[PDB]
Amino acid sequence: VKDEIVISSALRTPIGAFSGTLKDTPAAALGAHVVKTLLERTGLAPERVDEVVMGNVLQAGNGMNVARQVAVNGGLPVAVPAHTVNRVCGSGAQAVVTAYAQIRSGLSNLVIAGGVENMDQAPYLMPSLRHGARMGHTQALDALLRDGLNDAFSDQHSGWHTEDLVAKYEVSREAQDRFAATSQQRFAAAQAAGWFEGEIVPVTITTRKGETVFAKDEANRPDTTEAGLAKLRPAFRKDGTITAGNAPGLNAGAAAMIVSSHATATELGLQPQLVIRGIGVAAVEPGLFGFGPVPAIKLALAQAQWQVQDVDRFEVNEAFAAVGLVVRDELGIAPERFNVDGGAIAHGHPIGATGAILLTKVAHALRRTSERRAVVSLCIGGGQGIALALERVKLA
(Lines of atoms letter the chains of each structure in order from A and count residues from 1; the text may use other names and numbers.)
(Lines give C-alpha, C1' and ligand atoms only; values in the text may rest on other atoms or scores of the structure.)
Protein backbone atom coordinates (compact mmCIF):
# COMPACT_ATOMS: atom_id res chain seq x y z
CA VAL A 1 0.00 0.00 0.00
CA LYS A 2 2.99 2.22 0.54
CA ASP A 3 3.45 1.50 -3.23
CA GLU A 4 -0.06 2.79 -4.00
CA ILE A 5 0.03 5.74 -6.39
CA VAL A 6 -1.45 8.99 -5.05
CA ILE A 7 -2.40 12.45 -6.29
CA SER A 8 -1.46 15.46 -4.14
CA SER A 9 -1.95 19.23 -4.43
CA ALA A 10 -4.31 19.18 -7.41
CA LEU A 11 -5.00 22.74 -8.57
CA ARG A 12 -6.55 24.49 -11.58
CA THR A 13 -6.98 27.93 -13.12
CA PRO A 14 -10.51 29.26 -13.45
CA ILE A 15 -11.91 28.37 -16.86
CA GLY A 16 -12.14 31.09 -19.50
CA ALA A 17 -14.95 31.54 -22.00
CA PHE A 18 -14.45 31.65 -25.76
CA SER A 19 -13.22 35.15 -26.62
CA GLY A 20 -13.07 35.70 -22.85
CA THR A 21 -10.59 36.71 -20.19
CA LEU A 22 -7.88 34.21 -21.20
CA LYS A 23 -8.14 34.80 -24.98
CA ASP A 24 -4.62 36.28 -25.17
CA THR A 25 -2.88 33.98 -22.67
CA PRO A 26 -1.26 30.89 -24.24
CA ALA A 27 -2.13 27.44 -22.88
CA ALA A 28 1.49 26.85 -21.85
CA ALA A 29 1.43 30.07 -19.80
CA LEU A 30 -1.69 28.90 -17.99
CA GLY A 31 0.07 25.66 -17.11
CA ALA A 32 3.22 27.42 -16.01
CA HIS A 33 1.14 29.54 -13.65
CA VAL A 34 -0.47 26.47 -12.04
CA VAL A 35 2.89 24.75 -11.65
CA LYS A 36 4.49 27.88 -10.15
CA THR A 37 1.61 28.14 -7.66
CA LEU A 38 1.72 24.44 -6.78
CA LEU A 39 5.43 24.69 -5.99
CA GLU A 40 4.83 27.83 -3.89
CA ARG A 41 1.99 26.32 -1.85
CA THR A 42 3.48 22.89 -1.25
CA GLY A 43 7.04 24.06 -0.63
CA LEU A 44 8.15 20.94 -2.58
CA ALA A 45 11.87 21.09 -3.44
CA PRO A 46 11.71 21.66 -7.21
CA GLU A 47 14.63 19.25 -7.68
CA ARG A 48 12.40 16.41 -6.38
CA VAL A 49 10.28 16.70 -9.57
CA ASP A 50 11.46 13.95 -11.96
CA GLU A 51 9.33 14.87 -14.99
CA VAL A 52 6.49 17.10 -16.14
CA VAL A 53 3.81 15.42 -18.33
CA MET A 54 1.14 17.68 -19.86
CA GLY A 55 -1.87 16.95 -22.03
CA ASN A 56 -2.56 19.36 -24.91
CA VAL A 57 -4.63 18.65 -28.00
CA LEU A 58 -4.28 21.77 -30.17
CA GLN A 59 -0.51 21.85 -30.19
CA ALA A 60 -0.42 23.85 -33.45
CA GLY A 61 1.26 27.14 -32.95
CA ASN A 62 2.06 26.55 -29.25
CA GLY A 63 5.80 26.25 -29.91
CA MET A 64 8.15 23.34 -29.33
CA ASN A 65 6.87 20.89 -26.64
CA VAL A 66 4.21 22.59 -24.54
CA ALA A 67 5.04 20.51 -21.45
CA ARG A 68 8.66 21.77 -21.46
CA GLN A 69 7.41 25.35 -21.67
CA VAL A 70 5.08 24.68 -18.72
CA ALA A 71 7.97 23.22 -16.72
CA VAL A 72 10.62 25.87 -17.46
CA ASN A 73 8.32 28.86 -17.26
CA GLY A 74 6.72 27.35 -14.16
CA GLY A 75 10.09 27.87 -12.51
CA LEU A 76 11.29 24.26 -12.35
CA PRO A 77 15.03 23.68 -12.83
CA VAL A 78 16.07 23.23 -16.44
CA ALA A 79 17.14 19.71 -15.43
CA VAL A 80 13.48 18.55 -15.15
CA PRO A 81 12.51 16.78 -18.41
CA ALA A 82 9.02 17.07 -19.90
CA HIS A 83 6.82 15.73 -22.68
CA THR A 84 3.38 16.37 -24.10
CA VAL A 85 0.64 13.71 -24.52
CA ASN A 86 -2.42 13.79 -26.77
CA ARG A 87 -5.41 11.49 -26.18
CA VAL A 88 -7.75 14.24 -27.43
CA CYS A 89 -10.41 15.10 -24.86
CA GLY A 90 -8.91 12.65 -22.38
CA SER A 91 -5.40 14.14 -22.55
CA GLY A 92 -5.37 15.73 -19.09
CA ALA A 93 -6.33 12.40 -17.53
CA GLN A 94 -3.87 10.57 -19.81
CA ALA A 95 -1.08 12.68 -18.36
CA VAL A 96 -1.95 11.29 -14.91
CA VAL A 97 -2.09 7.71 -16.31
CA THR A 98 1.32 8.30 -17.94
CA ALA A 99 2.67 9.48 -14.58
CA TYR A 100 1.23 6.38 -12.87
CA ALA A 101 2.95 4.13 -15.41
CA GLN A 102 6.26 5.93 -15.04
CA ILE A 103 6.16 5.59 -11.24
CA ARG A 104 5.08 1.95 -11.17
CA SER A 105 7.68 1.02 -13.80
CA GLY A 106 10.49 2.71 -11.84
CA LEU A 107 11.26 5.41 -14.39
CA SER A 108 10.19 8.26 -12.05
CA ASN A 109 9.49 8.84 -8.36
CA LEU A 110 7.45 12.04 -8.56
CA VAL A 111 5.77 13.60 -11.59
CA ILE A 112 3.85 16.83 -12.09
CA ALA A 113 1.00 15.87 -14.42
CA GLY A 114 -1.82 17.87 -15.87
CA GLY A 115 -3.16 19.47 -19.00
CA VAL A 116 -3.58 22.82 -20.72
CA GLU A 117 -5.71 24.24 -23.51
CA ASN A 118 -6.77 27.58 -25.00
CA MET A 119 -9.18 27.22 -27.89
CA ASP A 120 -9.07 30.94 -28.89
CA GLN A 121 -5.33 30.57 -29.33
CA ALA A 122 -5.66 27.70 -31.79
CA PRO A 123 -4.49 29.09 -35.14
CA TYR A 124 -5.78 28.65 -38.66
CA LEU A 125 -3.84 26.34 -40.93
CA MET A 126 -2.93 26.88 -44.60
CA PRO A 127 -2.10 23.45 -46.10
CA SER A 128 -1.41 24.92 -49.59
CA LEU A 129 0.98 27.67 -48.50
CA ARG A 130 4.18 25.63 -48.48
CA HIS A 131 4.08 24.39 -52.09
CA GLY A 132 1.38 26.64 -53.51
CA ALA A 133 -2.26 26.53 -54.55
CA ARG A 134 -1.29 27.29 -58.19
CA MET A 135 -4.73 28.42 -59.40
CA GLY A 136 -8.20 28.44 -57.90
CA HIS A 137 -9.52 29.26 -54.44
CA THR A 138 -8.09 27.38 -51.46
CA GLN A 139 -9.13 26.76 -47.89
CA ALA A 140 -7.70 27.94 -44.55
CA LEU A 141 -8.67 25.42 -41.89
CA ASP A 142 -9.65 26.20 -38.32
CA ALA A 143 -7.23 24.04 -36.31
CA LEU A 144 -9.68 23.60 -33.44
CA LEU A 145 -11.94 21.72 -35.89
CA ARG A 146 -9.23 19.96 -37.90
CA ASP A 147 -7.15 18.73 -34.96
CA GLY A 148 -9.57 18.84 -32.04
CA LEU A 149 -13.30 18.49 -32.69
CA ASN A 150 -13.80 16.90 -36.10
CA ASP A 151 -13.45 13.18 -36.49
CA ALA A 152 -10.32 12.29 -38.43
CA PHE A 153 -12.08 9.62 -40.57
CA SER A 154 -15.30 11.40 -41.55
CA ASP A 155 -14.30 15.11 -41.13
CA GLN A 156 -17.64 15.62 -39.38
CA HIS A 157 -17.90 17.39 -36.05
CA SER A 158 -18.02 15.22 -32.94
CA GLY A 159 -21.46 16.79 -32.30
CA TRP A 160 -22.69 15.55 -35.67
CA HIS A 161 -21.61 12.01 -34.73
CA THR A 162 -23.26 12.37 -31.33
CA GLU A 163 -26.58 12.78 -33.12
CA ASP A 164 -26.27 9.10 -34.06
CA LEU A 165 -25.77 8.22 -30.36
CA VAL A 166 -28.89 10.33 -29.68
CA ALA A 167 -30.83 8.32 -32.23
CA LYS A 168 -29.55 4.90 -31.11
CA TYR A 169 -30.39 5.56 -27.45
CA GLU A 170 -33.55 7.61 -28.17
CA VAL A 171 -32.35 10.59 -26.13
CA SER A 172 -34.92 13.37 -26.42
CA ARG A 173 -34.17 17.06 -26.85
CA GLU A 174 -36.14 17.69 -23.66
CA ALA A 175 -34.03 15.26 -21.64
CA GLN A 176 -30.82 16.86 -22.95
CA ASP A 177 -32.10 20.32 -22.01
CA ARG A 178 -33.21 19.12 -18.56
CA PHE A 179 -29.75 17.64 -17.95
CA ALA A 180 -28.03 20.83 -19.19
CA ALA A 181 -30.16 23.11 -17.04
CA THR A 182 -29.48 20.90 -14.04
CA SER A 183 -25.70 21.00 -14.72
CA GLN A 184 -25.85 24.81 -14.81
CA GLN A 185 -27.96 24.97 -11.63
CA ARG A 186 -25.74 22.50 -9.71
CA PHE A 187 -22.61 24.34 -10.78
CA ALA A 188 -23.92 27.80 -9.92
CA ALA A 189 -25.06 26.67 -6.44
CA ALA A 190 -21.72 24.96 -5.72
CA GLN A 191 -19.81 28.02 -6.98
CA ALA A 192 -21.93 30.33 -4.82
CA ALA A 193 -21.32 28.15 -1.75
CA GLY A 194 -17.54 28.56 -2.27
CA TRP A 195 -16.96 24.89 -3.09
CA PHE A 196 -14.49 25.61 -5.93
CA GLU A 197 -12.41 28.20 -4.11
CA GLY A 198 -9.95 25.66 -2.70
CA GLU A 199 -9.04 24.17 -6.07
CA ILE A 200 -8.79 27.39 -8.08
CA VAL A 201 -5.62 29.45 -8.33
CA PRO A 202 -6.11 33.02 -9.58
CA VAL A 203 -4.24 34.26 -12.62
CA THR A 204 -3.32 37.92 -13.15
CA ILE A 205 -3.81 39.02 -16.77
CA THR A 206 -1.99 42.14 -17.95
CA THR A 207 -3.78 44.34 -20.49
CA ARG A 208 -3.42 47.80 -22.01
CA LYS A 209 -5.53 49.73 -19.52
CA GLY A 210 -4.32 47.62 -16.58
CA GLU A 211 -4.57 44.26 -14.84
CA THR A 212 -7.39 41.80 -14.28
CA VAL A 213 -7.17 39.24 -11.51
CA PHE A 214 -9.08 36.28 -13.00
CA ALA A 215 -10.28 34.32 -10.00
CA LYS A 216 -13.52 32.50 -10.70
CA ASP A 217 -14.97 30.50 -13.56
CA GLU A 218 -16.67 32.75 -16.14
CA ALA A 219 -18.20 30.50 -18.77
CA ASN A 220 -21.22 29.26 -16.84
CA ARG A 221 -24.74 30.63 -17.19
CA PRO A 222 -26.55 30.49 -13.83
CA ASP A 223 -29.81 31.87 -15.28
CA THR A 224 -30.17 28.86 -17.60
CA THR A 225 -33.63 27.26 -17.60
CA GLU A 226 -35.22 24.40 -19.47
CA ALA A 227 -37.52 27.01 -21.04
CA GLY A 228 -34.67 29.10 -22.34
CA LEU A 229 -32.86 26.03 -23.68
CA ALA A 230 -35.98 24.94 -25.59
CA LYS A 231 -35.77 28.15 -27.66
CA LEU A 232 -32.46 27.18 -29.27
CA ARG A 233 -31.85 25.79 -32.75
CA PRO A 234 -29.80 22.58 -33.38
CA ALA A 235 -26.09 23.23 -33.91
CA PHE A 236 -24.88 20.17 -35.89
CA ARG A 237 -27.81 18.72 -37.95
CA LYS A 238 -30.83 20.63 -39.24
CA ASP A 239 -33.12 17.97 -37.59
CA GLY A 240 -30.89 17.53 -34.57
CA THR A 241 -31.24 17.76 -30.81
CA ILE A 242 -27.83 19.07 -29.81
CA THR A 243 -27.65 22.85 -29.41
CA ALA A 244 -25.15 25.38 -28.15
CA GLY A 245 -27.01 25.27 -24.80
CA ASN A 246 -26.78 21.52 -24.22
CA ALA A 247 -23.09 21.32 -25.18
CA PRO A 248 -20.03 22.97 -23.59
CA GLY A 249 -18.23 25.92 -25.07
CA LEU A 250 -14.76 26.48 -26.49
CA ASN A 251 -12.80 27.16 -23.34
CA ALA A 252 -9.37 27.80 -21.90
CA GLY A 253 -7.71 26.61 -18.70
CA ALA A 254 -5.09 24.44 -17.06
CA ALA A 255 -4.75 22.05 -14.14
CA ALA A 256 -1.89 20.12 -12.57
CA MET A 257 -1.15 17.82 -9.64
CA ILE A 258 1.67 15.80 -8.04
CA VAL A 259 1.68 12.04 -8.73
CA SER A 260 3.92 9.82 -6.58
CA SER A 261 3.83 6.70 -4.44
CA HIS A 262 2.09 7.17 -1.10
CA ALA A 263 5.43 6.55 0.65
CA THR A 264 7.08 9.33 -1.35
CA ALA A 265 4.27 11.75 -0.63
CA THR A 266 4.52 11.02 3.11
CA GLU A 267 8.31 11.33 3.04
CA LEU A 268 8.10 14.78 1.46
CA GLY A 269 5.33 16.08 3.71
CA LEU A 270 2.68 16.27 1.01
CA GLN A 271 -0.92 15.61 1.82
CA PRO A 272 -2.30 13.03 -0.61
CA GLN A 273 -5.83 13.63 -1.81
CA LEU A 274 -6.65 10.51 -3.84
CA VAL A 275 -5.24 7.04 -4.47
CA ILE A 276 -5.57 5.62 -7.96
CA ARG A 277 -7.34 2.27 -7.50
CA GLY A 278 -8.07 1.50 -11.16
CA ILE A 279 -7.43 2.69 -14.69
CA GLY A 280 -9.41 1.87 -17.82
CA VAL A 281 -8.74 2.80 -21.43
CA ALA A 282 -11.10 1.49 -24.07
CA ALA A 283 -11.99 2.05 -27.70
CA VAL A 284 -15.09 1.61 -29.89
CA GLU A 285 -16.14 2.54 -33.44
CA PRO A 286 -15.17 6.21 -34.13
CA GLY A 287 -18.74 6.96 -35.16
CA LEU A 288 -19.84 5.95 -31.66
CA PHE A 289 -18.58 9.16 -30.11
CA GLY A 290 -19.74 9.29 -26.55
CA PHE A 291 -20.01 5.65 -25.61
CA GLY A 292 -16.32 4.98 -24.76
CA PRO A 293 -16.70 5.86 -21.06
CA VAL A 294 -18.98 2.82 -20.59
CA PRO A 295 -16.31 0.14 -21.33
CA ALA A 296 -13.56 2.29 -19.80
CA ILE A 297 -15.42 2.69 -16.49
CA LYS A 298 -16.06 -1.06 -16.42
CA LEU A 299 -12.30 -1.73 -16.82
CA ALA A 300 -11.36 0.75 -14.08
CA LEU A 301 -13.96 -0.68 -11.70
CA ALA A 302 -12.69 -4.21 -12.40
CA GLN A 303 -9.12 -3.19 -11.51
CA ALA A 304 -10.39 -1.52 -8.32
CA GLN A 305 -12.65 -4.54 -7.51
CA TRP A 306 -15.59 -2.14 -7.09
CA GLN A 307 -19.14 -2.30 -8.36
CA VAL A 308 -21.08 0.68 -9.68
CA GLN A 309 -23.13 0.84 -6.48
CA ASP A 310 -19.98 1.17 -4.34
CA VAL A 311 -19.11 4.52 -5.94
CA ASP A 312 -20.08 7.74 -4.12
CA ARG A 313 -19.83 9.96 -7.19
CA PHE A 314 -19.15 9.71 -10.90
CA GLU A 315 -17.61 12.67 -12.70
CA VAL A 316 -18.08 12.00 -16.39
CA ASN A 317 -17.25 14.70 -18.84
CA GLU A 318 -20.29 16.47 -20.33
CA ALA A 319 -18.98 16.55 -23.87
CA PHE A 320 -22.68 16.84 -24.73
CA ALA A 321 -25.67 16.44 -22.44
CA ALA A 322 -26.58 13.44 -24.60
CA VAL A 323 -23.30 11.68 -23.69
CA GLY A 324 -23.84 12.25 -19.98
CA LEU A 325 -27.36 10.77 -20.19
CA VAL A 326 -26.29 7.70 -22.20
CA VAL A 327 -23.35 6.87 -19.93
CA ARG A 328 -25.34 7.47 -16.74
CA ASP A 329 -28.28 5.34 -17.81
CA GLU A 330 -26.26 2.54 -19.44
CA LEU A 331 -24.32 2.00 -16.19
CA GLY A 332 -27.42 2.49 -14.04
CA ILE A 333 -25.90 5.33 -11.99
CA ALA A 334 -28.20 7.33 -9.73
CA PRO A 335 -28.81 10.87 -11.06
CA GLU A 336 -27.92 12.32 -7.65
CA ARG A 337 -24.47 10.65 -7.87
CA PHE A 338 -23.64 11.70 -11.45
CA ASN A 339 -21.84 15.07 -12.01
CA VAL A 340 -22.96 16.12 -8.58
CA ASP A 341 -21.60 19.69 -8.66
CA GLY A 342 -22.29 20.31 -12.38
CA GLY A 343 -20.08 19.65 -15.35
CA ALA A 344 -18.59 21.02 -18.52
CA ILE A 345 -21.87 22.31 -19.95
CA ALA A 346 -21.63 24.84 -17.15
CA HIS A 347 -17.92 25.30 -16.50
CA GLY A 348 -16.45 24.68 -19.95
CA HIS A 349 -14.40 22.01 -21.74
CA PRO A 350 -10.80 23.20 -22.41
CA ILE A 351 -10.15 19.92 -24.18
CA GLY A 352 -6.59 18.91 -23.22
CA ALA A 353 -7.00 20.14 -19.63
CA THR A 354 -10.49 18.82 -18.84
CA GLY A 355 -9.36 15.40 -17.60
CA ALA A 356 -7.02 17.04 -15.14
CA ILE A 357 -9.73 19.53 -14.18
CA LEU A 358 -12.12 16.65 -13.39
CA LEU A 359 -9.47 14.89 -11.28
CA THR A 360 -8.86 18.14 -9.41
CA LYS A 361 -12.58 18.66 -8.84
CA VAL A 362 -12.97 15.15 -7.44
CA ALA A 363 -9.92 15.50 -5.16
CA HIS A 364 -11.43 18.58 -3.51
CA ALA A 365 -15.04 17.32 -3.48
CA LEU A 366 -14.12 14.13 -1.67
CA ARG A 367 -12.16 16.14 0.90
CA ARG A 368 -15.18 18.39 1.51
CA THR A 369 -17.86 15.65 1.62
CA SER A 370 -15.85 12.79 3.17
CA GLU A 371 -17.08 10.55 0.35
CA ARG A 372 -14.72 7.63 -0.15
CA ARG A 373 -14.90 6.46 -3.78
CA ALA A 374 -15.18 8.24 -7.09
CA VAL A 375 -14.78 7.55 -10.82
CA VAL A 376 -13.60 10.15 -13.36
CA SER A 377 -14.19 9.35 -17.01
CA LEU A 378 -14.09 11.16 -20.36
CA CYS A 379 -14.93 10.34 -23.93
CA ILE A 380 -12.02 10.93 -26.26
CA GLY A 381 -13.01 11.74 -29.82
CA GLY A 382 -12.33 9.05 -32.38
CA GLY A 383 -14.17 6.40 -30.33
CA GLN A 384 -12.18 6.06 -27.09
CA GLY A 385 -12.82 6.42 -23.38
CA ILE A 386 -10.62 6.82 -20.32
CA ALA A 387 -11.56 6.23 -16.69
CA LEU A 388 -9.90 6.35 -13.27
CA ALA A 389 -11.25 4.82 -10.06
CA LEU A 390 -10.16 6.97 -7.15
CA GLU A 391 -10.34 6.73 -3.37
CA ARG A 392 -10.02 9.50 -0.79
CA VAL A 393 -6.85 9.40 1.36
CA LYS A 394 -7.52 10.46 4.95
CA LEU A 395 -5.69 13.50 6.35
CA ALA A 396 -2.72 12.19 8.36
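Note that residue numbering follows the sequence shown and begins at 1.
J.: Tell me which of 199 to 207 and 236 to 244 has the higher mean C-alpha B-factor in the deposited entry.
T.: Stretch with the higher mean C-alpha B-factor: 199 to 207.
J.: On average, are the C-alpha B-factors higher in 108 to 116 or in 259 to 267?
T.: Of 259 to 267 and 108 to 116, the stretch with the higher C-alpha B-factor average is 259 to 267.
J.: Between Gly132, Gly249, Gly253, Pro77, which one tops the list for Cα B-factor in this entry?
T.: Answer for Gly132, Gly249, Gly253, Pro77: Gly249, with the highest C-alpha B-factor.
J.: For the C-alpha B-factor as written in the entry, point me to the maximum among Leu144, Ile103, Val311, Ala93.
T.: By C-alpha B-factor in the record, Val311 ranks first.
J.: Is the Cα B-factor recorded for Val97 in the lowest, middle or highest third of its chain?
T.: Bottom third by C-alpha B-factor.
J.: Which third of the chain does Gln139 land in by C-alpha B-factor: lowest, middle or highest?
T.: For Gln139, the deposited C-alpha B-factor lands in the highest third.
J.: Hey, what third does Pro26 fall into on Cα B-factor, ranked over its chain?
T.: According to the entry, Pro26 has a C-alpha B-factor in the chain's lowest third.
J.: Would you check the entry's CA temperature factor for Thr360 and let me know if it's in the chain's lowest, middle or highest third?
T.: Tercile = middle for this residue's CA B-factor.
J.: Considering every modelled residue of the chain and its Cα B-factor in the PDB entry, is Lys298 in the lowest, middle or highest third?
T.: For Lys298, whose C-alpha B-factor we compare with every modelled residue in the chain, the answer is the highest third.
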